[PDB]
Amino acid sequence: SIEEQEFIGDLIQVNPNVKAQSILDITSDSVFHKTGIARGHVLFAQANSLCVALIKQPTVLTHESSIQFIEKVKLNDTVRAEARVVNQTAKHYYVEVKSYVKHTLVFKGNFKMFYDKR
């Protein structure tokens, strides 16, 4: 169940502290059974868990985010999430994630992530 998972998807390319990509197969757990359509929060968890993974800081907490679910994702798609750090301050990393199915943008998020060295 999505809320009980740490990192969602498989990491396939990572450049620590800079950018990363993960892939996620869309199985029947991730969709509504009558339509076959992925649940927004599965794609969100992939994007947000990717940001947390790539940021090399002891603690990383999501402060804010804006997301668009641009296309319907379907049972049996593979969603490639591509994350990159746009800016970094003393307190935040600003991270953009664009997720694809083959070559069509299906999801875009902006993440404002808090961090600290504890």
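From 1 onward, residues are counted along the sequence shown.
- Mean C-alpha B-factor is higher over 22-30 than over the other stretch, the pair under comparison being 48-56 and 22-30.
- For the pair 58-66 and 32-40, the record assigns the higher mean C-alpha temperature factor to 32-40.
- Ranking 13, 104, 17, 110 by the C-alpha B-factor listed in the PDB entry places 13 at the top.
- Sorting the modelled residues of the chain by their CA temperature factor places residue 75 in the highest third.
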